[PDB]
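See below for the structure under consideration.
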Amino acid sequence: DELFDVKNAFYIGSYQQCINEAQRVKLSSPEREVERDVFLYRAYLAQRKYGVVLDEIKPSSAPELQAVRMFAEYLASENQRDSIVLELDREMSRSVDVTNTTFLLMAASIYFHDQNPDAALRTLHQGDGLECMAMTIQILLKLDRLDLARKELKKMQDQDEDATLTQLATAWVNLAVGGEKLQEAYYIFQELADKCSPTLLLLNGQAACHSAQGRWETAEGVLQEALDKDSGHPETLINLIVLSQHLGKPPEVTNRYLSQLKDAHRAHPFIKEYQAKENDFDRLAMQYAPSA
Amino acid sequence: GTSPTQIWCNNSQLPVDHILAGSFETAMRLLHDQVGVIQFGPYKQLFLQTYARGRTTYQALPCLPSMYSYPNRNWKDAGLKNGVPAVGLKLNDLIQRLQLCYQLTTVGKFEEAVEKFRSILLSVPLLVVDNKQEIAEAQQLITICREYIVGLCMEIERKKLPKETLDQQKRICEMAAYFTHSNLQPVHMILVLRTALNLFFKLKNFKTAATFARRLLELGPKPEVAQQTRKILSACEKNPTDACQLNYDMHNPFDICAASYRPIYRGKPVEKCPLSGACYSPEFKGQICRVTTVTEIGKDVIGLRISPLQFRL
């Protein structure tokens, strides 16, 4: 696979690396060229550079790109989403085409955000690709059906044990499993970071593994390193808040990270949940509180 | 399937566990039954703070929603079924904070001290305690907090009341005397005794003053204070006598009404805060505890449930 580096960089989480390499790579095939562009834009989406994707991908572009763009608009425009899903539903039902894997992944992604796990899973079921399998496992884990997840993992495991995508998948299942497994997950994350490069994604994964186990202090270094690279990184800040409390840092510290998160991303679901909790708490207070 | 947070809720009675889970309503209920906590409002910061730490996050795939991890204190043994949230707050932490409270008391920062004390007191139910004795320490820790809170709060008021009437003065001395009873550490206990002695001296209730002086000396205050105390004591001896009768019985056991700051002798009916142990006169029952601020005075409760040891089968 010529694209191997580009894709691999993408999965690990080093988007810029993916973008840089994608450009360097030569097409050598109308097919490959399309795949390259797909990843290139996918990388931009990870970066959250929606405008880049929306502007550059134009109607004349290949259908694979179109799917990517579809996802991009979904992420970019909140208003557009219901309309997009409706169309997605229509396209999904009124059209058989399984072959376009990219379409399935993008479509599944939209459903995933839509929180229609069934639809996303339904779509993924059709897709053959290894990535489809990985995405499938991820959805199952969110579903909290580890058992189903395990089956898919082995499914991919038989196909390609070594693939990084497979390894990441195993780590995920692993993290979910708990127990001795956690160490296994830790090593895979560590190995990837060592081989490829510490990515924010990889660093947090390692931290999560350590945190799952008692080792709060060990976690400090990875988070600290991650924070240094990108302040405002959502996973990092959240982990820091959790880590800070275990460490016994001053309560202000936990608060500071939390506030920092709000600055970086007002929208972030973690923030929304936090707000939601505040609301019901007030609601509950009234319930218990004495009347006057 | 079943979410890990839910598993935690099913698994543990402890309120902190539920808060970590995010099950506020459940947690509040537990606090309501186990301890009196009617008024949750002062709790809000604790809940959110506790809640924030509950789960970690990592990203499975790019451009997808991030995954959440739920750490378990019994990670090794806990299967999918028997997980329980990691700790995060411990008894030692609370105990350590206590020193700061002591420091503030000495400085005279009483109002701030009350806040720190109350903060700790409220936090006690949050703890997960490993062993039986450790449970006792927690209870003891709570007791210390209320003792200071009621005592300090009484003191703040006493200063506020007017000096002018003789009756007003008798009131002040009485309150000062009540403080004497509070079980504080010797550094503080000495300080209060020192104050009471002066008030009683001016009151010309020398006989009572002498007793305070003797108690103070036993504590072993610094030498300057001790010398001063001896001086006052000798003066009192010249005319051992109390000019006025006060509503204070050094010998009879007391219980200070947290609200009224009036003595409740031995057997006399009292209503107590389920959580703090603070005492109130029967009138108060059903009202929000001044000390705790969260609890209901009258409420009957299961009792604090910090550790799983408490549950038996």
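Letters for chains follow the order of the structure tokens (A, B, ...), residue numbers begin at 1 for each chain, and ligand numbers begin at 1 in the order shown.
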When you look at residue 16 in chain B with a cut-off of 9 Å (counting only C-alpha atoms), what residues show up, excluding the ones that are within fewer than 6 positions of it in the same chain? I need them as a PDB file with N, CA and C atoms, in the first residue's frame.
```
ATOM      1  N   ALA B  27     -27.773  10.140  44.693  1.00  0.00           N
ATOM      2  CA  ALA B  27     -26.843  10.486  45.724  1.00  0.00           C
ATOM      3  C   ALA B  27     -27.526  11.317  46.758  1.00  0.00           C
ATOM      4  N   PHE B  47     -20.650  18.525  44.635  1.00  0.00           N
ATOM      5  CA  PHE B  47     -21.125  17.575  43.667  1.00  0.00           C
ATOM      6  C   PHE B  47     -20.443  17.761  42.351  1.00  0.00           C
ATOM      7  N   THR B  50     -16.831  16.760  42.520  1.00  0.00           N
ATOM      8  CA  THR B  50     -16.661  15.338  42.625  1.00  0.00           C
ATOM      9  C   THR B  50     -16.959  14.715  41.298  1.00  0.00           C
ATOM     10  N   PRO B  85     -16.231   2.897  41.695  1.00  0.00           N
ATOM     11  CA  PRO B  85     -15.411   4.036  41.363  1.00  0.00           C
ATOM     12  C   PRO B  85     -14.208   4.173  42.232  1.00  0.00           C
ATOM     13  N   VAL B  87     -11.294   6.070  44.444  1.00  0.00           N
ATOM     14  CA  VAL B  87     -11.513   6.945  45.556  1.00  0.00           C
ATOM     15  C   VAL B  87     -11.234   8.331  45.042  1.00  0.00           C
ATOM     16  N   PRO B 125     -19.085  12.956  54.712  1.00  0.00           N
ATOM     17  CA  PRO B 125     -19.931  11.923  54.178  1.00  0.00           C
ATOM     18  C   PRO B 125     -19.496  11.455  52.821  1.00  0.00           C
ATOM     19  N   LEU B 126     -18.670  12.253  52.125  1.00  0.00           N
ATOM     20  CA  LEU B 126     -18.196  11.931  50.810  1.00  0.00           C
ATOM     21  C   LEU B 126     -17.227  10.781  50.845  1.00  0.00           C
ATOM     22  N   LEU B 127     -16.483  10.633  51.953  1.00  0.00           N
ATOM     23  CA  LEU B 127     -15.395   9.700  52.061  1.00  0.00           C
ATOM     24  C   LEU B 127     -15.822   8.271  51.953  1.00  0.00           C
ATOM     25  N   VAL B 128     -14.863   7.440  51.491  1.00  0.00           N
ATOM     26  CA  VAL B 128     -14.964   6.010  51.449  1.00  0.00           C
ATOM     27  C   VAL B 128     -13.916   5.592  52.431  1.00  0.00           C
ATOM     28  N   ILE B 306     -20.045   5.804  55.437  1.00  0.00           N
ATOM     29  CA  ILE B 306     -18.820   6.000  54.709  1.00  0.00           C
ATOM     30  C   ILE B 306     -18.254   4.731  54.129  1.00  0.00           C
TER      31      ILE B 306
END
```
At most 7 Å to chain B: residues in chain A, only C-alpha atoms, as a PyMOL selection string: chain A and resi 11+13+45-46+138+143-145+172+178-180+201+204-205+208+211-213+235+238-239+241-242+245-246+281+284-285+288-289
Residue list (strand (DSSP E or B), DSSP) for range 23-271 of chain B, as a list in words: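 Put together, the selection reads residues 56, 57, 58, 67, 68, 69, 72, 85, 205, 242, 256, 257, 263 and 271 of chain B.
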Please dump the current selection as a PDB file, in the first residue's frame; keep N, CA, C and O atoms.
```pdb
ATOM      1  N   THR B  56     -12.411   9.541  32.881  1.00  0.00           N
ATOM      2  CA  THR B  56     -11.364  10.011  32.019  1.00  0.00           C
ATOM      3  C   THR B  56     -11.835   9.877  30.608  1.00  0.00           C
ATOM      4  O   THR B  56     -12.924   9.366  30.358  1.00  0.00           O
ATOM      5  N   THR B  57     -11.031  10.367  29.638  1.00  0.00           N
ATOM      6  CA  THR B  57     -11.463  10.268  28.272  1.00  0.00           C
ATOM      7  C   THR B  57     -10.289  10.005  27.372  1.00  0.00           C
ATOM      8  O   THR B  57      -9.176  10.462  27.632  1.00  0.00           O
ATOM      9  N   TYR B  58     -10.517   9.226  26.290  1.00  0.00           N
ATOM     10  CA  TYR B  58      -9.523   8.970  25.281  1.00  0.00           C
ATOM     11  C   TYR B  58     -10.244   8.871  23.967  1.00  0.00           C
ATOM     12  O   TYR B  58     -11.452   8.642  23.942  1.00  0.00           O
ATOM     13  N   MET B  67     -14.110   8.653  23.758  1.00  0.00           N
ATOM     14  CA  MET B  67     -14.581   7.597  24.604  1.00  0.00           C
ATOM     15  C   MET B  67     -14.361   8.027  26.023  1.00  0.00           C
ATOM     16  O   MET B  67     -13.566   8.928  26.288  1.00  0.00           O
ATOM     17  N   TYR B  68     -15.081   7.399  26.978  1.00  0.00           N
ATOM     18  CA  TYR B  68     -14.906   7.726  28.369  1.00  0.00           C
ATOM     19  C   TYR B  68     -14.426   6.504  29.078  1.00  0.00           C
ATOM     20  O   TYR B  68     -14.811   5.384  28.749  1.00  0.00           O
ATOM     21  N   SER B  69     -13.543   6.703  30.073  1.00  0.00           N
ATOM     22  CA  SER B  69     -13.043   5.596  30.833  1.00  0.00           C
ATOM     23  C   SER B  69     -13.507   5.781  32.236  1.00  0.00           C
ATOM     24  O   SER B  69     -13.624   6.909  32.718  1.00  0.00           O
ATOM     25  N   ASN B  72     -11.802   2.243  38.343  1.00  0.00           N
ATOM     26  CA  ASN B  72     -12.435   1.600  39.455  1.00  0.00           C
ATOM     27  C   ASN B  72     -11.406   1.439  40.520  1.00  0.00           C
ATOM     28  O   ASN B  72     -10.235   1.209  40.232  1.00  0.00           O
ATOM     29  N   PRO B  85     -16.231   2.897  41.695  1.00  0.00           N
ATOM     30  CA  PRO B  85     -15.411   4.036  41.363  1.00  0.00           C
ATOM     31  C   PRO B  85     -14.208   4.173  42.232  1.00  0.00           C
ATOM     32  O   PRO B  85     -14.239   3.765  43.391  1.00  0.00           O
ATOM     33  N   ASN B 205     -17.696  38.610  89.756  1.00  0.00           N
ATOM     34  CA  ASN B 205     -18.066  37.295  90.184  1.00  0.00           C
ATOM     35  C   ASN B 205     -16.759  36.592  90.351  1.00  0.00           C
ATOM     36  O   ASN B 205     -16.361  35.776  89.519  1.00  0.00           O
ATOM     37  N   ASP B 242     -19.329  35.592  94.329  1.00  0.00           N
ATOM     38  CA  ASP B 242     -19.913  35.985  93.078  1.00  0.00           C
ATOM     39  C   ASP B 242     -20.991  36.973  93.383  1.00  0.00           C
ATOM     40  O   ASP B 242     -21.920  36.680  94.135  1.00  0.00           O
ATOM     41  N   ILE B 256     -24.771  23.037  74.311  1.00  0.00           N
ATOM     42  CA  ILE B 256     -25.069  24.379  73.906  1.00  0.00           C
ATOM     43  C   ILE B 256     -26.032  24.349  72.766  1.00  0.00           C
ATOM     44  O   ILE B 256     -25.870  23.587  71.816  1.00  0.00           O
ATOM     45  N   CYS B 257     -27.086  25.185  72.856  1.00  0.00           N
ATOM     46  CA  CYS B 257     -28.027  25.258  71.782  1.00  0.00           C
ATOM     47  C   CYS B 257     -27.326  26.008  70.702  1.00  0.00           C
ATOM     48  O   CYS B 257     -26.875  27.135  70.900  1.00  0.00           O
ATOM     49  N   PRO B 263     -27.938  27.134  77.625  1.00  0.00           N
ATOM     50  CA  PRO B 263     -27.576  25.831  78.127  1.00  0.00           C
ATOM     51  C   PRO B 263     -28.715  24.866  78.196  1.00  0.00           C
ATOM     52  O   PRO B 263     -29.821  25.268  78.553  1.00  0.00           O
ATOM     53  N   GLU B 271     -32.948  18.465  70.667  1.00  0.00           N
ATOM     54  CA  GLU B 271     -33.074  17.949  69.338  1.00  0.00           C
ATOM     55  C   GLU B 271     -31.691  18.037  68.777  1.00  0.00           C
ATOM     56  O   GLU B 271     -30.998  19.030  68.998  1.00  0.00           O
TER      57      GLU B 271
END
```
Residue 35 in chain A environment, 9 Å, only C-alpha atoms, sequence neighbours closer than 4 positions dropped, as a PyMOL selection string: chain A and resi 3+30-31+39-40+64-65+102
Polymer residues at most 12 Å from range 165-170 of chain A, only C-alpha atoms, same-chain spacing of 4 or more positions, as a ChimeraX atom specification: /A:4,7-13,129-141,146,149-161,174-177,181-182,184-193,201-202,205-206 /B:58-62
For the residues in that selection, give me C-alpha atoms as a short mmCIF file (atom, residue, chain, number, x, y, z; two decimals), in the first residue's frame.
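In the end it all went to again.cif:
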```
data_model
loop_
_atom_site.label_atom_id
_atom_site.label_comp_id
_atom_site.auth_asym_id
_atom_site.auth_seq_id
_atom_site.Cartn_x
_atom_site.Cartn_y
_atom_site.Cartn_z
CA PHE A 4 0.05 3.28 3.99
CA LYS A 7 -3.48 6.54 6.40
CA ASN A 8 -1.44 5.34 9.32
CA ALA A 9 -0.51 8.85 10.30
CA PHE A 10 -4.19 9.68 10.18
CA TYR A 11 -5.31 6.92 12.50
CA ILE A 12 -2.63 7.59 15.10
CA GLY A 13 -3.74 11.16 15.30
CA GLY A 129 -13.31 -2.59 5.01
CA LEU A 130 -11.01 -3.08 7.95
CA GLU A 131 -11.71 0.46 9.04
CA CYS A 132 -15.38 -0.33 8.95
CA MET A 133 -14.64 -3.09 11.42
CA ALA A 134 -12.73 -0.74 13.67
CA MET A 135 -15.50 1.81 13.59
CA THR A 136 -17.96 -0.95 14.31
CA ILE A 137 -16.08 -2.01 17.35
CA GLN A 138 -15.92 1.53 18.62
CA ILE A 139 -19.67 1.90 18.32
CA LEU A 140 -20.24 -1.37 20.12
CA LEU A 141 -18.03 -0.23 22.96
CA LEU A 146 -18.09 -5.52 25.11
CA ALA A 149 -17.07 -5.76 20.39
CA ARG A 150 -14.84 -8.71 21.09
CA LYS A 151 -16.31 -10.66 18.22
CA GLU A 152 -15.65 -7.88 15.76
CA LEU A 153 -12.15 -7.43 17.06
CA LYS A 154 -11.24 -11.04 16.44
CA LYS A 155 -12.91 -10.71 13.09
CA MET A 156 -10.43 -8.01 12.17
CA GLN A 157 -7.74 -9.74 14.15
CA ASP A 158 -7.87 -12.71 11.88
CA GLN A 159 -7.62 -10.45 8.87
CA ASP A 160 -4.72 -8.33 10.00
CA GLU A 161 -3.26 -8.70 13.47
CA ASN A 174 -8.85 -3.76 26.20
CA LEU A 175 -9.45 -0.52 28.00
CA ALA A 176 -13.10 -1.43 28.24
CA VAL A 177 -12.34 -4.90 29.56
CA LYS A 181 -5.97 -6.11 30.26
CA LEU A 182 -5.32 -2.44 31.01
CA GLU A 184 -1.93 -4.51 27.48
CA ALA A 185 -3.71 -1.43 26.27
CA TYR A 186 -1.00 0.72 27.78
CA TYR A 187 1.75 -1.04 25.90
CA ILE A 188 0.06 -0.80 22.55
CA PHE A 189 -0.39 2.92 22.98
CA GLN A 190 3.16 3.25 24.18
CA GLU A 191 4.53 1.24 21.32
CA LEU A 192 2.71 3.30 18.75
CA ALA A 193 3.93 6.52 20.26
CA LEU A 201 -4.30 11.03 20.86
CA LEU A 202 -1.66 8.49 21.80
CA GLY A 205 -4.56 6.90 25.56
CA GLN A 206 -1.52 6.07 27.62
CA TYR B 58 -9.52 8.97 25.28
CA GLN B 59 -10.19 9.03 21.55
CA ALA B 60 -10.72 5.77 19.72
CA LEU B 61 -10.86 7.17 16.22
CA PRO B 62 -10.38 10.53 14.80
#
```
Straight-line distance linking CA of residue 189 in chain B with CA of residue 106 in chain B, stated in Å to one decimal: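 Separation between CA of residue 189 in chain B and CA of residue 106 in chain B: 10.4 Å.
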DSSP-assigned helix (DSSP H, G or I) among range 78-236 of chain B, expressed as a VMD selection string: chain B and resid 91 to 107 110 to 126 132 to 160 166 to 181 186 to 203 206 to 219 223 to 236
Find the residues near residue 102 in chain B: any atom within 10 Å, counting only C-alpha atoms, skip ones fewer than 2 places away on the same chain, and give them as a PDB file with N, CA and C atoms, in the first residue's frame.
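Saved file result24.pdb follows:
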```
ATOM      1  N   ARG B  97      -6.618  19.415  56.341  1.00  0.00           N
ATOM      2  CA  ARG B  97      -7.245  20.693  56.166  1.00  0.00           C
ATOM      3  C   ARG B  97      -7.533  21.280  57.511  1.00  0.00           C
ATOM      4  N   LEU B  98      -7.754  20.408  58.510  1.00  0.00           N
ATOM      5  CA  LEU B  98      -8.160  20.792  59.828  1.00  0.00           C
ATOM      6  C   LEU B  98      -7.147  21.718  60.433  1.00  0.00           C
ATOM      7  N   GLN B  99      -5.848  21.514  60.153  1.00  0.00           N
ATOM      8  CA  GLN B  99      -4.818  22.325  60.742  1.00  0.00           C
ATOM      9  C   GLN B  99      -5.008  23.755  60.344  1.00  0.00           C
ATOM     10  N   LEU B 100      -5.403  23.992  59.082  1.00  0.00           N
ATOM     11  CA  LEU B 100      -5.577  25.323  58.574  1.00  0.00           C
ATOM     12  C   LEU B 100      -6.653  25.971  59.384  1.00  0.00           C
ATOM     13  N   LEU B 104      -6.442  29.416  61.675  1.00  0.00           N
ATOM     14  CA  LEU B 104      -7.313  30.547  61.571  1.00  0.00           C
ATOM     15  C   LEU B 104      -7.916  30.862  62.902  1.00  0.00           C
ATOM     16  N   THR B 105      -8.264  29.839  63.694  1.00  0.00           N
ATOM     17  CA  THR B 105      -8.877  30.113  64.961  1.00  0.00           C
ATOM     18  C   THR B 105      -7.918  30.900  65.806  1.00  0.00           C
ATOM     19  N   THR B 106      -6.638  30.492  65.833  1.00  0.00           N
ATOM     20  CA  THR B 106      -5.683  31.142  66.686  1.00  0.00           C
ATOM     21  C   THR B 106      -5.564  32.583  66.290  1.00  0.00           C
ATOM     22  N   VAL B 107      -5.496  32.864  64.977  1.00  0.00           N
ATOM     23  CA  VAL B 107      -5.334  34.212  64.511  1.00  0.00           C
ATOM     24  C   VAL B 107      -6.549  35.028  64.858  1.00  0.00           C
ATOM     25  N   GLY B 108      -7.746  34.416  64.971  1.00  0.00           N
ATOM     26  CA  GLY B 108      -8.896  35.217  65.315  1.00  0.00           C
ATOM     27  C   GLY B 108      -9.771  35.408  64.109  1.00  0.00           C
ATOM     28  N   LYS B 109      -9.437  34.683  63.034  1.00  0.00           N
ATOM     29  CA  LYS B 109     -10.080  34.611  61.746  1.00  0.00           C
ATOM     30  C   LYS B 109     -11.341  33.796  61.796  1.00  0.00           C
ATOM     31  N   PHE B 110     -11.999  33.713  62.972  1.00  0.00           N
ATOM     32  CA  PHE B 110     -13.084  32.812  63.274  1.00  0.00           C
ATOM     33  C   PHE B 110     -14.047  32.676  62.132  1.00  0.00           C
ATOM     34  N   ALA B 113     -12.607  30.554  59.659  1.00  0.00           N
ATOM     35  CA  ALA B 113     -12.367  29.261  60.234  1.00  0.00           C
ATOM     36  C   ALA B 113     -13.622  28.455  60.154  1.00  0.00           C
ATOM     37  N   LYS B 116     -14.012  26.918  56.718  1.00  0.00           N
ATOM     38  CA  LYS B 116     -13.180  25.775  56.481  1.00  0.00           C
ATOM     39  C   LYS B 116     -13.687  24.630  57.292  1.00  0.00           C
ATOM     40  N   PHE B 117     -14.086  24.886  58.554  1.00  0.00           N
ATOM     41  CA  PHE B 117     -14.557  23.803  59.363  1.00  0.00           C
ATOM     42  C   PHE B 117     -15.779  23.201  58.748  1.00  0.00           C
ATOM     43  N   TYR B 148     -16.166  23.436  67.105  1.00  0.00           N
ATOM     44  CA  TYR B 148     -15.606  24.720  66.809  1.00  0.00           C
ATOM     45  C   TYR B 148     -16.644  25.619  66.212  1.00  0.00           C
ATOM     46  N   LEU B 184     -12.277  22.021  72.691  1.00  0.00           N
ATOM     47  CA  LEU B 184     -11.379  22.480  71.682  1.00  0.00           C
ATOM     48  C   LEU B 184     -10.046  21.978  72.128  1.00  0.00           C
ATOM     49  N   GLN B 185      -8.994  22.241  71.338  1.00  0.00           N
ATOM     50  CA  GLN B 185      -7.685  21.838  71.754  1.00  0.00           C
ATOM     51  C   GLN B 185      -7.203  22.841  72.758  1.00  0.00           C
ATOM     52  N   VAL B 187      -4.736  24.854  72.991  1.00  0.00           N
ATOM     53  CA  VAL B 187      -4.283  26.174  72.677  1.00  0.00           C
ATOM     54  C   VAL B 187      -5.463  27.096  72.669  1.00  0.00           C
ATOM     55  N   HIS B 188      -6.571  26.676  72.026  1.00  0.00           N
ATOM     56  CA  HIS B 188      -7.762  27.475  71.927  1.00  0.00           C
ATOM     57  C   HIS B 188      -8.488  27.535  73.232  1.00  0.00           C
TER      58      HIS B 188
END
```
Non-local contacts of range 272-283 of chain B (7 Å; only C-alpha atoms; under 3 positions in same chain excluded) as a ChimeraX atom specification: /B:35-36,142-143,146,255-259,269,289,292,295-301
Generate a file of the selected residues that holds N, CA, C and O atoms, formatted as an mmCIF file, in the first residue's frame.
```
data_model
loop_
_atom_site.group_PDB
_atom_site.id
_atom_site.type_symbol
_atom_site.label_atom_id
_atom_site.label_comp_id
_atom_site.auth_asym_id
_atom_site.auth_seq_id
_atom_site.Cartn_x
_atom_site.Cartn_y
_atom_site.Cartn_z
ATOM 1 N N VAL B 35 -27.961 10.662 56.265
ATOM 2 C CA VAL B 35 -27.715 11.817 57.070
ATOM 3 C C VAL B 35 -28.957 12.608 56.828
ATOM 4 O O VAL B 35 -29.786 12.194 56.040
ATOM 5 N N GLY B 36 -29.175 13.709 57.556
ATOM 6 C CA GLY B 36 -30.359 14.512 57.447
ATOM 7 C C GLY B 36 -30.488 15.354 56.198
ATOM 8 O O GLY B 36 -31.589 15.806 55.893
ATOM 9 N N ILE B 142 -15.919 14.948 62.475
ATOM 10 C CA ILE B 142 -17.109 15.735 62.329
ATOM 11 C C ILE B 142 -17.391 16.426 63.625
ATOM 12 O O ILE B 142 -17.737 17.606 63.648
ATOM 13 N N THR B 143 -17.222 15.707 64.749
ATOM 14 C CA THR B 143 -17.534 16.241 66.040
ATOM 15 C C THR B 143 -16.705 17.458 66.285
ATOM 16 O O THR B 143 -17.201 18.468 66.778
ATOM 17 N N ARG B 146 -18.100 20.544 64.463
ATOM 18 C CA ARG B 146 -19.250 21.228 64.980
ATOM 19 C C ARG B 146 -18.857 21.962 66.223
ATOM 20 O O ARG B 146 -19.307 23.084 66.458
ATOM 21 N N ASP B 255 -25.095 21.314 77.054
ATOM 22 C CA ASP B 255 -25.226 21.066 75.651
ATOM 23 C C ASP B 255 -25.621 22.409 75.139
ATOM 24 O O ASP B 255 -26.684 22.917 75.492
ATOM 25 N N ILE B 256 -24.771 23.037 74.311
ATOM 26 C CA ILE B 256 -25.069 24.379 73.906
ATOM 27 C C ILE B 256 -26.032 24.349 72.766
ATOM 28 O O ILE B 256 -25.870 23.587 71.816
ATOM 29 N N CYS B 257 -27.086 25.185 72.856
ATOM 30 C CA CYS B 257 -28.027 25.258 71.782
ATOM 31 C C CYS B 257 -27.326 26.008 70.702
ATOM 32 O O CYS B 257 -26.875 27.135 70.900
ATOM 33 N N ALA B 258 -27.213 25.386 69.518
ATOM 34 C CA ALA B 258 -26.467 25.994 68.460
ATOM 35 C C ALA B 258 -27.110 27.283 68.059
ATOM 36 O O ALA B 258 -26.410 28.238 67.721
ATOM 37 N N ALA B 259 -28.453 27.312 67.963
ATOM 38 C CA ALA B 259 -29.131 28.523 67.592
ATOM 39 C C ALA B 259 -29.186 29.567 68.680
ATOM 40 O O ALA B 259 -28.782 30.710 68.470
ATOM 41 N N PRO B 269 -34.763 17.873 77.436
ATOM 42 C CA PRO B 269 -35.031 17.516 76.067
ATOM 43 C C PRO B 269 -34.217 18.317 75.106
ATOM 44 O O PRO B 269 -34.076 19.525 75.298
ATOM 45 N N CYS B 289 -30.323 23.128 60.301
ATOM 46 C CA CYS B 289 -29.275 23.256 61.279
ATOM 47 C C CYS B 289 -28.426 24.434 60.935
ATOM 48 O O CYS B 289 -28.037 24.621 59.783
ATOM 49 N N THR B 292 -24.597 22.867 60.399
ATOM 50 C CA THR B 292 -24.425 22.119 59.185
ATOM 51 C C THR B 292 -24.828 22.930 57.990
ATOM 52 O O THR B 292 -24.119 22.949 56.988
ATOM 53 N N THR B 295 -28.583 20.295 57.008
ATOM 54 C CA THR B 295 -29.399 19.294 57.644
ATOM 55 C C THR B 295 -30.641 19.809 58.312
ATOM 56 O O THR B 295 -30.828 21.008 58.513
ATOM 57 N N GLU B 296 -31.529 18.846 58.660
ATOM 58 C CA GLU B 296 -32.757 19.099 59.364
ATOM 59 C C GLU B 296 -32.568 18.584 60.761
ATOM 60 O O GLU B 296 -32.148 17.447 60.962
ATOM 61 N N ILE B 297 -32.898 19.415 61.766
ATOM 62 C CA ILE B 297 -32.617 19.100 63.142
ATOM 63 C C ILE B 297 -33.363 17.894 63.629
ATOM 64 O O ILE B 297 -32.773 17.005 64.242
ATOM 65 N N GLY B 298 -34.685 17.829 63.384
ATOM 66 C CA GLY B 298 -35.520 16.777 63.898
ATOM 67 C C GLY B 298 -35.239 15.437 63.281
ATOM 68 O O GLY B 298 -35.318 14.415 63.957
ATOM 69 N N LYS B 299 -34.907 15.411 61.973
ATOM 70 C CA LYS B 299 -34.798 14.200 61.201
ATOM 71 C C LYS B 299 -34.113 13.072 61.896
ATOM 72 O O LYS B 299 -33.097 13.233 62.568
ATOM 73 N N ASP B 300 -34.716 11.871 61.731
ATOM 74 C CA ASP B 300 -34.173 10.620 62.183
ATOM 75 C C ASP B 300 -33.438 10.101 60.993
ATOM 76 O O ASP B 300 -33.895 10.272 59.863
ATOM 77 N N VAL B 301 -32.267 9.469 61.195
ATOM 78 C CA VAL B 301 -31.562 9.035 60.027
ATOM 79 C C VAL B 301 -30.933 7.700 60.267
ATOM 80 O O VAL B 301 -30.797 7.247 61.402
#
```
Selection near residue 229 in chain B, 8 Å with only C-alpha atoms, sequence-local residues under 4 positions removed, as a list in words: residues 194, 213, 216, 217, 225 and 233 of chain B
